[PDB]
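Here's the structure, in structure tokens; my notes come after.
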Amino acid sequence: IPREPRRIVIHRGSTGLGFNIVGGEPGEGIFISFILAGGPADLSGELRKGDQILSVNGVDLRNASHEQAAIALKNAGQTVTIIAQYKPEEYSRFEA
């Protein structure tokens, strides 16, 4: 799994984008907390639990609140460019 930022294109399906995000207040980061088996994110093979979402369709989400990121993803349309960077060490702060 590359640690460099990676460009991923997901096409929304009946189950949505096929992943969940976790975040907090601005600056805590936005991370993929779950990927649905057989959903669009899984079929791409490119996203991982523990990825930080750096941007969505050119919207910088590095310092976004959970709410800001959730609305960005909801309004990103039916094709979504995600810039992701694998950061399981930071993600784990959010996982019980």
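Identifiers for the structure tokens are assigned positionally: chains receive A, B, ... in sequence, residues are indexed from 1 per chain, and ligands are indexed from 1 in the order shown.
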TODO: Mind checking which residues fall within 10 Å of residue 81 (chain A), counting only C-alpha atoms, ignoring those fewer than 3 positions away in the same chain, and posting them as an MDAnalysis selection string?
DONE: chainID A and resid 7:11 55:59 76 84
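Residues lying within 12 Å of residue 46 (chain A), counting only C-alpha atoms and ignoring same-chain neighbours fewer than 5 positions away, are residues 1, 2, 5, 6, 7, 8, 9, 10, 35, 40, 41, 51, 82, 83, 84, 85 and 86 of chain A.
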Open item on the list: Env of residue 14 (chain A): 10 Å cut, atoms = only C-alpha atoms, seq-sep filter 2 positions within chain, self excluded. Answer as number ranges by chain.
Closed with: A: 12, 16-18, 39-40
TODO: Can you work out which one of A:68, A:24, A:13, A:92 has the shortest atom-to-atom distance to residue 80 (chain A), counting only C-alpha atoms?
DONE: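 Of A:68, A:24, A:13, A:92, the one nearest residue 80 (chain A), counting only C-alpha atoms, is A:13.
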Task: Surrounding residues of residue 88 (chain A) excluding itself and chain neighbours under 3 positions, 12 Å, only C-alpha atoms, as a PyMOL selection string - done: chain A and resi 1+3+29-33+48-52+84-85+91-95
Just-selected residues, N, CA and C atoms written as a compact mmCIF listing (two decimals), in the first residue's frame:
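Writing done, so here's part-v6.txt:
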```txt
# COMPACT_ATOMS: atom_id res chain seq x y z
N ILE A 1 0.84 -1.19 0.00
CA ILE A 1 0.00 0.00 0.00
C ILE A 1 0.88 1.24 0.00
N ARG A 3 2.30 4.88 0.55
CA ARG A 3 2.08 5.93 1.53
C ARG A 3 1.97 7.31 0.89
N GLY A 29 -8.61 15.58 11.08
CA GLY A 29 -8.52 14.71 9.93
C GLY A 29 -9.83 13.98 9.65
N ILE A 30 -9.97 13.56 8.40
CA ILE A 30 -11.11 12.78 7.92
C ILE A 30 -10.57 11.45 7.42
N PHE A 31 -11.10 10.35 7.95
CA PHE A 31 -10.56 9.03 7.65
C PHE A 31 -11.67 8.08 7.24
N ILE A 32 -11.29 7.11 6.41
CA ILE A 32 -12.19 6.01 6.03
C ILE A 32 -12.23 5.02 7.19
N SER A 33 -13.42 4.82 7.75
CA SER A 33 -13.61 3.96 8.91
C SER A 33 -14.21 2.60 8.56
N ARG A 48 -8.67 2.16 1.33
CA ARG A 48 -8.39 1.34 2.51
C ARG A 48 -8.96 2.00 3.76
N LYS A 49 -9.46 1.17 4.68
CA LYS A 49 -9.73 1.66 6.02
C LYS A 49 -8.43 2.20 6.61
N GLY A 50 -8.51 3.39 7.22
CA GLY A 50 -7.33 4.08 7.69
C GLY A 50 -6.76 5.11 6.73
N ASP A 51 -7.28 5.17 5.50
CA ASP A 51 -6.94 6.26 4.60
C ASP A 51 -7.46 7.59 5.15
N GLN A 52 -6.64 8.63 5.04
CA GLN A 52 -7.12 9.99 5.25
C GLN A 52 -7.63 10.53 3.93
N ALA A 84 -6.48 10.27 -1.41
CA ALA A 84 -6.37 9.55 -0.16
C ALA A 84 -4.91 9.31 0.17
N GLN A 85 -4.61 9.28 1.47
CA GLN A 85 -3.26 8.95 1.93
C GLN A 85 -3.37 8.04 3.14
N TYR A 91 -5.57 7.43 12.04
CA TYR A 91 -6.93 6.93 12.05
C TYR A 91 -7.25 6.25 13.37
N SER A 92 -6.30 5.51 13.93
CA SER A 92 -6.61 4.68 15.08
C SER A 92 -7.05 5.50 16.28
N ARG A 93 -6.69 6.79 16.33
CA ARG A 93 -7.19 7.66 17.38
C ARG A 93 -8.72 7.61 17.47
N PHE A 94 -9.39 7.37 16.35
CA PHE A 94 -10.84 7.43 16.28
C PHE A 94 -11.52 6.10 16.51
N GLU A 95 -10.78 5.00 16.48
CA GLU A 95 -11.37 3.66 16.47
C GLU A 95 -11.28 3.06 17.87
```
Open item on the list: If we count only C-alpha atoms and set the cut-off at 12 Å, which residues sit around residue 67 (chain A), ignoring sequence neighbours fewer than 6 positions away in its own chain? Please answer as number ranges by chain.
Closed with: A: 21-26, 29-30, 61, 73-74
Dump as a PDB file, in the first residue's frame, selection limited to C-alpha atoms:
```
ATOM      1  CA  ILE A  21     -15.874   8.369   7.185  1.00  0.00           C
ATOM      2  CA  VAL A  22     -14.938   9.412  10.700  1.00  0.00           C
ATOM      3  CA  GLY A  23     -13.756  12.823  11.776  1.00  0.00           C
ATOM      4  CA  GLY A  24     -13.989  15.367  14.526  1.00  0.00           C
ATOM      5  CA  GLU A  25     -13.329  19.051  14.902  1.00  0.00           C
ATOM      6  CA  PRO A  26     -11.308  20.897  12.247  1.00  0.00           C
ATOM      7  CA  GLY A  29      -8.523  14.710   9.931  1.00  0.00           C
ATOM      8  CA  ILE A  30     -11.107  12.784   7.921  1.00  0.00           C
ATOM      9  CA  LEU A  61     -10.623  18.314   3.433  1.00  0.00           C
ATOM     10  CA  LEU A  73     -19.178  13.893  -0.034  1.00  0.00           C
ATOM     11  CA  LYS A  74     -22.980  14.060  -0.159  1.00  0.00           C
TER      12      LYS A  74
END
```
Task: Sel. of strand (DSSP E or B) residues, chain A, as an MDAnalysis selection string - done: chainID A and resid 6:11 13 16 19:22 31:35 51:56 59:60 79:86
- [ ] Step one, run DSSP on the backbone; step two, keep only residues of chain A assigned to alpha helix (DSSP H); then write them as a ChimeraX atom specification.
- [x] /A:40-44,66-74,88-91
